[PDB]
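Remarks on the structure that follows.
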Amino acid sequence: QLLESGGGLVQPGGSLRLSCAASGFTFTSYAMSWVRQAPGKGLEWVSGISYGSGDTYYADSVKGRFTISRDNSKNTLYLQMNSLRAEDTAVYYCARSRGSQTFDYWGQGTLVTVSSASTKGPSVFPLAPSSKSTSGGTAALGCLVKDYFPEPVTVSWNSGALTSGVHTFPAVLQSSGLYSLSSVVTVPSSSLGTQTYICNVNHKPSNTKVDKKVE
Amino acid sequence: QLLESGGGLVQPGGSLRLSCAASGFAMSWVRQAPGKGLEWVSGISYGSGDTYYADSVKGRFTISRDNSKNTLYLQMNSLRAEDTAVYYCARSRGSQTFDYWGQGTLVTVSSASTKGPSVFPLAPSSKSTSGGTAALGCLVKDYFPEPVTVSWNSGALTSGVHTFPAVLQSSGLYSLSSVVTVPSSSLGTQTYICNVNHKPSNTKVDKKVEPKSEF
Amino acid sequence: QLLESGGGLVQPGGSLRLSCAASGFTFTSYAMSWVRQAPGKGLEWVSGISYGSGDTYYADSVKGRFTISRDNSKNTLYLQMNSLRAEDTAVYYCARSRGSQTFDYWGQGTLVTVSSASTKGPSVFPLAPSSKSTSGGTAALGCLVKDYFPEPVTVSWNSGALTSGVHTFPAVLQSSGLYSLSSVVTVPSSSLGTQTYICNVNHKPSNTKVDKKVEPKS
Amino acid sequence: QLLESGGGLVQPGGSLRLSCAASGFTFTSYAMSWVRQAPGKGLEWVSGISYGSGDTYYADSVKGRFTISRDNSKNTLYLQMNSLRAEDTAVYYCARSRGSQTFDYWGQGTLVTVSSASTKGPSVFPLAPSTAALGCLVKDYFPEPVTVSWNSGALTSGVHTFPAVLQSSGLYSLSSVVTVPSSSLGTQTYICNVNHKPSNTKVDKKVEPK
Amino acid sequence: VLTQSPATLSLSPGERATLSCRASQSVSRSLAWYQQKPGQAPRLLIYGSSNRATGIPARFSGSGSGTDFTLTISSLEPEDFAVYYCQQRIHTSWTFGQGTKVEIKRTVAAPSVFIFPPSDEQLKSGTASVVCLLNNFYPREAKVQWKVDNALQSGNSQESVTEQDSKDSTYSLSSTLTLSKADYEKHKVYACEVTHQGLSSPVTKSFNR
Amino acid sequence: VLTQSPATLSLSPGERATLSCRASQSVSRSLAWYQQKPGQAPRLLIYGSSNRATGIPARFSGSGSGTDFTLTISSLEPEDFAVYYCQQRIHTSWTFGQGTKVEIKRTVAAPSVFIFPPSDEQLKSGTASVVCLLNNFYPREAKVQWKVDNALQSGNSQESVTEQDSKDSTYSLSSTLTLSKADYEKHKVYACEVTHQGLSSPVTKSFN
Amino acid sequence: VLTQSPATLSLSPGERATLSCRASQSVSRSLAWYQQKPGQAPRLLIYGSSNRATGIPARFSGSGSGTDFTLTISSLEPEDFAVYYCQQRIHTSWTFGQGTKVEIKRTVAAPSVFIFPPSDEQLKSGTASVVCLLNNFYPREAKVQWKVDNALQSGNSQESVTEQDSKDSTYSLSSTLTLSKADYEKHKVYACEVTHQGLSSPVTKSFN
Amino acid sequence: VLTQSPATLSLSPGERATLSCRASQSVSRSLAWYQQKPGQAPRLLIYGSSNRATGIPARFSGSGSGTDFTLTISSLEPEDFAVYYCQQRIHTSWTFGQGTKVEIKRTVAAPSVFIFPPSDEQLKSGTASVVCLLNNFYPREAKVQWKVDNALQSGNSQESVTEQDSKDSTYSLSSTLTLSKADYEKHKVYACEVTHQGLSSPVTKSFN
């Protein structure tokens with residue numbers, strides 16, 4: 001139903017123009033709105049448009065910064081985000097209203113980041129199974145992915161072949177302003193010395209791909 | 001309620017016409033020299049005529065009210081260095097209190113000419129930084145008009161910000177200091193901007209503060 | 001009937017929010033506009049908004065930079081002047097429309113200066129009547145006032161005593177961004193060598209006062 | 001009519017999905033195509049899809065690498081770009097065909113870059129004026145997309161922007177110079193506003209004579 | 001303006017879930033409930049707390065009145081474990097609550113604990129970190145205490161926890177101690193004590209550079 | 001959008017003033033006239049070219065049609081010697097003309113011409129402007145040219161003219177040459193040529 | 001004409017504050033008290049010391065008679081930490097008492113101490129200002145001394161102290177040592193010694 | 001598949017211009033022409049040679065037959081100085097030509113030449129760029145050489161030339177010499193020599 005983009009990373013004080021296209025339910029037959037969620041937080045309503053022309057509403061927390069409109073020929077909802085601050089970092093979602101009370105449908109969600117940090121790809125620092133990170137028949141091996149300010153880093157093992165025993169953690173924003181992520185896999189200790197494990201780290205906005213050997 | 005302007009910097013023996021537009025309904029002016037308490041200067045009765053002056057301003061200050069403009073005026077003549085103060089407009093209640101106050105207009109009497117500030121960043125370097133906390137800042141100096149608004153990252157950085165009120169040097173000019181405490185881990189990842197604004201001299205200086213330690 | 005302010009000196013690329021309070025009229029019953037006049041130019045319409053609210057219009061020359069709005073509770077008209085160009089320097093005025101075609105009421109005006117130059121008080125360089133800039137019975141003496149970034153400058157001869165034969169020129173800007181002004185006076189040539197002329201140059205927004213002696217320095 | 005996006009930087013051998021929405025003409029009434037223009041080159045047709053069902057066509061240069069499709073419920077044209085090479089770097093444009101002979105309507109152009117270089121913002125090194133010409137050298141930024149302006153757009157005349165060139169490092173170097181009266185030196189200073197979009201790098205340099 | 005509780009709800013697969021949303025002030029109107037999984041947009045569960053949304057299993061039922069409402073799910077499947085949210089329309093604004101996390105109940109499982117010394121690359125780069133990994137444990141009540149030469153550390157570490165993962169059947173936790181190269185090298189023994197419900201006593205794992 | 005004619009109108013007080021506004025664009029909308037004094041907001045004269053603004057003396061009247069209009073003042077007073085503007089409307093846009101000034105007509109008169117070399121303080125400061133002063137001339141048609149070692153200069157000078165002084169009604173002009181200290185010292189002879197209706201041949205004043 | 005006391009009152013949040021206004025003259029009437037927050041115009045607290053301002057919480061109440069009055073705040077909140085003033089009506093004039101300040105009482109703690117060497121541009125200008133920062137300390141009794149090559153400095157420094165913050169309720173201090181560029185160059189070791197109640201032995205920070 | 005000629009056209013506004021598209025392959029069909037401005041998507045000019053595209057003024061007319069076609073603009077306006085491309089439909093493929101730009105003709109003018117020494121930041125970073133700027137020259141025939149301590153430098157520099165501007169039809173050129181910090185330090189005198197049709201002898205500017 002709702003597909004969206006137009007987010008990305010901007011410096012504080014700057015702006016981003018977010019939008020969402022509708023396909024299925026007629027755009028022009030429903031009221032539409034924007035909801036945001038900061039990483040690690042619950043939902044916050046930002047703004048929205050009543051069914052009909054104009055009649056635009058905003059949350060107090062976004063007044064003076066956020067402006068909305070809808071294009072009924074393009075079947076697209078827009079959010080103009082100006083003079084942004086770090087507290088505006090969130091995934092924004094487009095949603096279709098039900099009457100005046102409920103959000104019946106939701107888009108996929110677009111990441112909007114406001115930060116002084118520049119785009120930076122990750123460095124990868126393997127967490128070896130060694131002889132000390134292994135106990136009996138069970139070994140723990142993994143990689144620490146760090147110092148990459150953009151969050152959408154995808155990590156898989158052995159080029160997608162190893163999913164079994166693989167656990168990854170949500171990225172965590174550090175005090176430096178950069179993010180870090182843990183990716184570990186539990187494997188038989190019997191595989192050590194025979195199977196090399198490869199951590200395949202893919203950071204989309206920085207065009208960074210890192211392949212590390214963990215043994 | 002009370003909207004005031006008409007101050008500024010004047011040479012000794014000179015004059016300024018100070019005024020305040022007001023909503024509602026006697027009226028008065030009260031002045032506060034930097035570091036001092038509240039000195040009543042003058043006032044005018046509701047209706048037509050009947051003005052009062054403090055002895056300290058007789059022969060120099062004249063008060064009147066324009067009832068078509070709903071604007072209070074104070075003609076400040078033959079001014080002395082001792083007349084430097086913030087002059088506040090206020091509205092009286094009955095014969096006992098001043099219920100409404102304006103923001104206060106700064107009036108400065110001095111032989112010094114207008115001069116804008118120079119800004120000299122105080123790097124956190126790497127040696128004055130301790131553990132997880134770095135203190136970085138800027139020294140604003142050589143600006144005769146005392147007022148100087150300083151903010152960080154265009155208002156985005158408000159936490160841990162300490163502004164030190166201006167101090168006169170032996171030169172007759174003022175210096176001001178503004179520092180901020182930030183995570184030490186952000187040094188070299190993020191940079192900070194000190195935004196120095198001095199309206200009286202049309203001076204706007206944006207300095208970048210970096211951990212300018214070893215080459 | 002229209003009183004406005006919020007003007008002043010702003011940096012290039014910066015902004016001002018100008019405003020005007022209405023009196024004697026129901027604010028909401030009239031449409032309004034902003035008009036500007038750059039030094040040396042005629043009137044330019046900048047923007048406008050219908051009575052009630054909405055239906056705003058802008059001159060092409062300010063689109064993307066200027067926004068007009070009105071506060072019907074404050075009975076005040078506003079102009080949000082963003083990303084200002086050097087070319088936007090002008091006196092801004094508010095005006096109340098007559099129907100949809102004419103402007104009947106004009107406000108007092110406010111000055112907006114857009115400039116990178118810092119505030120600077122004037123330097124004064126006397127123009128001597130000499131024996132070479134004197135002709136017959138008429139001596140032309142004066143002072144050149146220059147490099148003062150704010151235009152607001154008052155010049156008075158012999159501290160207000162000489163009010164005749166005084167010719168003051170409007171200031172012009174320099175390619176440097178600063179302003180300069182010529183102030184001269186014609187006096188009987190018989191006064192040279194006996195009367196010293198004093199040029200008092202007063203610049204308010206710089207707290208600068210310069211008193212120069214003008215002599216027939218031939 | 002042809003609203004398009006989905007560009008970005010892709011590593012060699014990687015892939016990218018481009019798309020374009022119709023904005024006026026009924027999408028389903030016309031054939032559609034993609035054309036690409038490499039920097040310094042002319043217009044290369046890449047692919048297209050006919051009015052009706054399928055009947056797609058590809059340029060020889062992209063056979064086996066590109067797939068074209070269209071979503072007639074979304075009124076959106078799609079192009080899946082796989083196994084990309086450095087040679088596929090280009091601005092891709094969508095266009096609406098007329099019969100079998102012309103492309104009447106064109107999109108804005110979406111830039112796709114294929115390179116082993118990572119995203120990297122510029123360093124800015126002011127060129128002091130010592131009429132005078134002052135400016136800034138913007139360099140070592142791998143992504144081409146870079147906007148440079150003076151005084152946040154308050155200064156628009158006398159501005160000369162020199163398209164970026166590559167260094168031996170594979171990184172770009174751009175130059176921006178503005179001519180001003182020499183009498184303004186020491187009275188006025190100028191700000192060079194350098195904005196590299198994908199690296200989130202914004203550098204404001206103060207340029208003074210020296 | 002409304003708050004939700006239990007902060008965390010823990011139910012065995014097949015058990016009934018009760019979730020509340022309560023008054024802080026009076027906002028009298030029916031609120032709706034939504035659920036969310038990480039990486040996904042929230043989904044509507046009910047069309048107000050007296051109804052059910054299309055596509056939602058008929059196990060989920062809203063109920064309540066005035067300013068105080070609940071969501072009752074008669075029985076949960078492993079796929080109905082999500083964070084639940086409340087939406088209240090106040091004047092003109094749409095206001096969201098904090099939400100209640102609902103997790104799968106299972107028995108108590110002590111973590112397997114592993115300590116990973118810093119990589120040579122981190123040290124060449126001038127930094128260091130030590131990672132304490134807790135695998136396959138349940139519930140998320142593990143407390144991981146970093147010590148250096150037996151001195152308790154504080155304010156210099158991060159924590160991240162996974163969702164309960166079905167193949168693991170529990171949680172994993174990653175606790176990272178951040179040291180400059182200098183702090184790592186000045187000290188010799190690194191250790192971490194893990195307190196958990198499945199342990200007879202906190203377990204300490206350790207290593208010397 | 002419409003243009004005005006004459007650019008300058010010169011009349012004695014008591015004389016009839018006619019000002020025109022003419023087609024540039026095919027805008028069939030009646031215009032209004034305004035008058036503005038130096039230092040003051042523009043003042044309406046007519047409520048469009050069909051009636052009079054309340055408070056304007058009944059000497060003032062607008063007339064015309066289509067795209068071509070005039071303003072007539074049956075007889076001028078000293079307070080009417082200002083810049084007149086016309087205002088049109090295009091759909092939703094508002095526009096003003098360039099405007100025409102009504103000047104007080106007086107006897108033709110050549111300027112007194114004086115040359116003022118750079119001051120010593122000015123040269124020590126690194127600048128060498130030179131000022132050519134024209135006093136008490138009429139009409140404001142003076143042309144002033146600077147020469148250095150008798151070579152004609154351009155691009156290095158500025159002009160400022162006063163409002164006519166309603167006592168004499170003569171105008172004053174200040175033409176400033178702006179040389180650097182070095183340029184002034186390298187050259188030896190400075191001169192300025194003045195052309196005006198009241199003089200028989202250009203007047204040149206000079207110094208070293 | 002009435003005078004107040006103590007000049008400084010130090011109270012914990014939740015404590016009752018009493019402020020005095022002492023007789024100096026035989027002026028008998030109910031006087032009013034005012035509150036001034038730093039950076040703001042004062043507000044009326046009470047409509048004479050027998051009444052309250054509309055909208056003020058009934059925590060603030062004035063009391064007294066004749067020429068001797070007090071103000072009592074039944075329980076302090078962060079919003080009450082301000083300078084308080086008294087006002088009378090004498091003949092026809094409005095008179096304001098010097099006032100007193102109420103400060104927050106809290107746990108004693110040493111400042112973090114940071115030293116900031118002069119910038120190269122500050123050195124380029126010709127002035128060397130060395131800055132010592134005391135951050136987040138309490139009470140405002142810090143004594144800061146500058147030393148250069150172990151010599152104690154005096155007569156060449158300035159000091160500015162902030163007000164108490166709204167969350168921690170601590171003070172910051174900026175001590176500036178002003179040296180000419182030349183003095184900075186003559187000496188090599190710059191240091192500053194801090195004596196505050198929270199610190200035990202003087203804290204010395206330094207740079208070259 | 002067809003090629004175009006002239007490779008470059010240079011015309012004054014108001015002049016007639018034609019661009020040919022010639023046989024390379026024996027493909028007989030009616031082709032269409034497109035116009036591309038710098039920074040913009042191309043636009044169709046003609047619905048094939050026979051018909052004008054909607055919105056295109058009747059100054060533009062395509063004609064020809066078989067394998068050989070001409071684009072004719074009866075009179076050029078500044079808006080038409082762009083790259084023109086032809087397109088055919090070959091078998092099933094859509095094929096474009098190489099294209100030719102039509103430049104606005106003006107007279108010959110030498111560039112202003114400026115040299116910009118590297119900044120301190122540039123040198124601290126380890127690279128010493130030196131920039132030579134040529135401003136407002138015409139035609140785009142400038143040749144730029146670098147000289148360091150009288151040695152001729154080439155192959156260690158890059159050039160970038162702007163599009164001729166719409167207001168004056170002139171070109172600007174930026175020649176950047178990239179030296180390492182060390183190379184800059186080894187040599188003392190940096191100069192750049194400019195050759196162009198508008199100058200009588202090569203222009204050399206320098207800094208050391």
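Simple scheme: letters A, B, ... for chains in structure tokens order, numbers from 1 for residues in each chain, numbers from 1 for ligands in the order shown.
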
Which residues are near range 157-161 of chain F? Cut-off 8 Å, only C-alpha atoms, ignore same chain within fewer than 3 positions. Put them as a list in words.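 Non-adjacent residues within range: residues 169, 170, 171 and 172 of chain C; 146, 154, 171, 172, 173, 174, 175, 176, 177 and 178 of chain F.
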
Using only N, CA, C and O atoms, please write the residues we just selected to a file, as a short mmCIF file (atom, residue, chain, number, x, y, z; two decimals), in the first residue's frame.
```
data_model
loop_
_atom_site.label_atom_id
_atom_site.label_comp_id
_atom_site.auth_asym_id
_atom_site.auth_seq_id
_atom_site.Cartn_x
_atom_site.Cartn_y
_atom_site.Cartn_z
N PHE C 169 25.56 66.49 0.45
CA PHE C 169 25.22 65.53 -0.55
C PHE C 169 24.73 64.27 0.09
O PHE C 169 25.15 63.95 1.20
N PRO C 170 23.82 63.53 -0.53
CA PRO C 170 23.40 62.25 -0.06
C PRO C 170 24.60 61.35 -0.20
O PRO C 170 25.40 61.53 -1.13
N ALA C 171 24.71 60.41 0.72
CA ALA C 171 25.79 59.46 0.71
C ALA C 171 25.63 58.47 -0.40
O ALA C 171 24.51 58.14 -0.80
N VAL C 172 26.75 57.97 -0.86
CA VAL C 172 26.73 56.92 -1.84
C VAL C 172 27.56 55.78 -1.31
O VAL C 172 28.42 55.99 -0.45
N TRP F 146 36.48 63.53 -15.32
CA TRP F 146 37.80 63.60 -14.72
C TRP F 146 38.90 63.24 -15.67
O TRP F 146 38.76 62.29 -16.44
N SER F 154 37.65 56.87 -16.43
CA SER F 154 36.33 56.28 -16.27
C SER F 154 36.41 55.11 -15.31
O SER F 154 37.45 54.48 -15.15
N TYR F 171 20.95 73.61 -8.25
CA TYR F 171 21.39 72.27 -7.77
C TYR F 171 22.89 72.28 -7.46
O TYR F 171 23.60 73.15 -8.02
N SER F 172 23.36 71.37 -6.60
CA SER F 172 24.78 71.24 -6.33
C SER F 172 25.18 69.82 -6.68
O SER F 172 24.38 68.88 -6.55
N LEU F 173 26.42 69.65 -7.14
CA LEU F 173 26.93 68.33 -7.54
C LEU F 173 28.33 68.07 -7.04
O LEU F 173 29.22 68.92 -7.14
N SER F 174 28.55 66.88 -6.55
CA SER F 174 29.87 66.50 -6.12
C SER F 174 30.32 65.27 -6.86
O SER F 174 29.70 64.20 -6.81
N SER F 175 31.38 65.46 -7.62
CA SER F 175 31.96 64.39 -8.40
C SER F 175 33.27 64.01 -7.75
O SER F 175 34.14 64.85 -7.50
N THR F 176 33.40 62.75 -7.38
CA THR F 176 34.61 62.34 -6.70
C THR F 176 35.40 61.33 -7.48
O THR F 176 34.87 60.30 -7.90
N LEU F 177 36.67 61.62 -7.66
CA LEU F 177 37.59 60.73 -8.34
C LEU F 177 38.21 59.93 -7.25
O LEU F 177 38.59 60.50 -6.23
N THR F 178 38.35 58.63 -7.41
CA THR F 178 38.91 57.84 -6.33
C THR F 178 40.17 57.12 -6.74
O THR F 178 40.11 56.00 -7.26
#
```

Which parts of range 25-164 of chain H does DSSP call helix (DSSP H, G or I) when run on the backbone here, written out as JSON, numbers by chain? {"H": [78, 79, 80, 120, 121, 122, 123, 124]}

Please provide the set of residues having any atom within 10 Å of residue 113 in chain D, restricted to only C-alpha atoms, with same-chain residues fewer than 5 positions apart removed, written as a list in words.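 What passes the distance filter is residues 7, 8, 9, 10, 11, 12, 38, 84, 85, 86, 87, 88, 89, 90, 91, 143 and 144 of chain D.
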
Hey, can you spit out that residue selection with N, CA, C and O atoms as a short mmCIF file (atom, residue, chain, number, x, y, z; two decimals), in the first residue's frame?
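Written output follows (again-v1.cif):
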```
data_model
loop_
_atom_site.label_atom_id
_atom_site.label_comp_id
_atom_site.auth_asym_id
_atom_site.auth_seq_id
_atom_site.Cartn_x
_atom_site.Cartn_y
_atom_site.Cartn_z
N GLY D 7 19.07 6.63 -7.13
CA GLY D 7 20.47 6.55 -7.52
C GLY D 7 21.35 6.31 -6.33
O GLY D 7 20.88 5.94 -5.25
N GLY D 8 22.65 6.48 -6.53
CA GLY D 8 23.59 6.20 -5.47
C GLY D 8 24.86 5.52 -5.95
O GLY D 8 25.01 5.22 -7.14
N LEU D 9 25.76 5.30 -5.01
CA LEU D 9 27.05 4.68 -5.25
C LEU D 9 27.00 3.19 -4.97
O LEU D 9 26.54 2.76 -3.91
N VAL D 10 27.45 2.41 -5.95
CA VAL D 10 27.45 0.96 -5.93
C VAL D 10 28.87 0.45 -6.15
O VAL D 10 29.63 1.02 -6.93
N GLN D 11 29.26 -0.60 -5.45
CA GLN D 11 30.58 -1.17 -5.65
C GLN D 11 30.54 -2.01 -6.94
O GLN D 11 29.48 -2.53 -7.28
N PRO D 12 31.64 -2.20 -7.67
CA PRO D 12 31.68 -3.04 -8.84
C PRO D 12 31.18 -4.41 -8.48
O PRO D 12 31.56 -4.97 -7.45
N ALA D 38 26.98 9.06 -19.63
CA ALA D 38 28.17 9.02 -18.81
C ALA D 38 28.71 10.44 -18.81
O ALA D 38 28.48 11.15 -19.79
N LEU D 84 27.14 -4.57 -11.93
CA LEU D 84 27.56 -3.33 -12.54
C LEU D 84 29.05 -3.12 -12.58
O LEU D 84 29.81 -3.55 -11.71
N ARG D 85 29.46 -2.42 -13.62
CA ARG D 85 30.85 -2.08 -13.91
C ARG D 85 31.11 -0.59 -13.79
O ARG D 85 30.19 0.22 -13.83
N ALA D 86 32.38 -0.19 -13.72
CA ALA D 86 32.71 1.23 -13.66
C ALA D 86 32.13 1.97 -14.87
O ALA D 86 31.65 3.11 -14.75
N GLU D 87 32.08 1.29 -16.00
CA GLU D 87 31.57 1.80 -17.26
C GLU D 87 30.07 2.11 -17.25
O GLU D 87 29.57 2.75 -18.17
N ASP D 88 29.35 1.64 -16.23
CA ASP D 88 27.93 1.88 -16.12
C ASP D 88 27.67 3.19 -15.37
O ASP D 88 26.51 3.56 -15.15
N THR D 89 28.74 3.91 -14.98
CA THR D 89 28.54 5.18 -14.30
C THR D 89 27.91 6.14 -15.28
O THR D 89 28.46 6.39 -16.35
N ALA D 90 26.77 6.68 -14.90
CA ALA D 90 26.05 7.58 -15.78
C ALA D 90 24.88 8.21 -15.10
O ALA D 90 24.43 7.73 -14.06
N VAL D 91 24.36 9.26 -15.70
CA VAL D 91 23.10 9.75 -15.24
C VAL D 91 22.04 9.04 -16.03
O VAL D 91 22.06 9.06 -17.25
N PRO D 143 32.75 11.09 -4.15
CA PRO D 143 31.49 11.28 -4.86
C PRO D 143 31.47 12.59 -5.68
O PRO D 143 31.86 13.60 -5.14
N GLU D 144 31.00 12.52 -6.92
CA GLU D 144 30.89 13.73 -7.79
C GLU D 144 29.91 14.78 -7.25
O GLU D 144 30.25 15.97 -7.31
#
```

Could you list, as a CSV table (one decimal) with N, CA, C and O atoms, in the first residue's frame, every residue within 8 Å of residue 204 in chain D, counting only C-alpha atoms and ignoring same-chain residues fewer than 6 positions away?
```csv
chain,number,residue,atom,x,y,z
D,191,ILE,N,32.1,34.0,2.5
D,191,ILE,CA,32.0,32.7,2.9
D,191,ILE,C,31.7,31.7,1.8
D,191,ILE,O,30.7,31.8,1.1
D,192,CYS,N,32.5,30.7,1.8
D,192,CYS,CA,32.4,29.6,0.8
D,192,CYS,C,31.6,28.5,1.4
D,192,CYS,O,32.1,27.9,2.4
D,193,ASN,N,30.4,28.2,0.9
D,193,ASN,CA,29.6,27.2,1.5
D,193,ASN,C,29.6,25.9,0.7
D,193,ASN,O,29.1,25.8,-0.4
D,194,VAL,N,30.4,24.9,1.2
D,194,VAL,CA,30.6,23.7,0.5
D,194,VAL,C,29.8,22.5,1.0
D,194,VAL,O,29.9,22.1,2.2
```

Taking 5 positions as the minimum chain separation for residues in the same chain, which residues sit within 7 Å of residue 65 in chain D when counting only C-alpha atoms? Answer as a ChimeraX atom specification. /D:81-83

Write the residues of the selection above to a file with N, CA and C atoms, as an mmCIF file, in the first residue's frame.
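Below is the file that was written, part.cif:
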```
data_model
loop_
_atom_site.group_PDB
_atom_site.id
_atom_site.type_symbol
_atom_site.label_atom_id
_atom_site.label_comp_id
_atom_site.auth_asym_id
_atom_site.auth_seq_id
_atom_site.Cartn_x
_atom_site.Cartn_y
_atom_site.Cartn_z
ATOM 1 N N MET D 81 19.514 -2.960 -12.012
ATOM 2 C CA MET D 81 20.849 -2.887 -12.544
ATOM 3 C C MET D 81 21.775 -3.847 -11.804
ATOM 4 N N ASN D 82 22.160 -4.969 -12.422
ATOM 5 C CA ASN D 82 22.970 -5.983 -11.745
ATOM 6 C C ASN D 82 24.383 -6.093 -12.272
ATOM 7 N N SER D 83 25.287 -6.637 -11.456
ATOM 8 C CA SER D 83 26.646 -6.919 -11.899
ATOM 9 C C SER D 83 27.227 -5.713 -12.589
#
```

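The coordinates place CA of residue 85 in chain B at 6.6 Å from CA of residue 108 in chain B.
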
Residues of chain A within 7 Å of chain D, counting only C-alpha atoms, as a PyMOL selection string: chain A and resi 9-11+23+74+118-119+206-208

Could you write out that same residue set with C-alpha atoms as a PDB file, in the first residue's frame?
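Heads up, here's the output in part.pdb:
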```pdb
ATOM      1  CA  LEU A   9      21.303  12.009   6.767  1.00  0.00           C
ATOM      2  CA  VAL A  10      21.410  15.785   7.205  1.00  0.00           C
ATOM      3  CA  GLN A  11      23.474  18.199   9.339  1.00  0.00           C
ATOM      4  CA  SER A  23      -0.983   2.219  -4.419  1.00  0.00           C
ATOM      5  CA  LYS A  74       0.678  12.153  -7.547  1.00  0.00           C
ATOM      6  CA  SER A 118      29.781  12.697   8.617  1.00  0.00           C
ATOM      7  CA  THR A 119      29.171   9.501   6.672  1.00  0.00           C
ATOM      8  CA  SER A 206      29.160   4.490   2.757  1.00  0.00           C
ATOM      9  CA  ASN A 207      29.673   1.940  -0.047  1.00  0.00           C
ATOM     10  CA  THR A 208      31.676  -0.164   2.374  1.00  0.00           C
TER      11      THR A 208
END
```
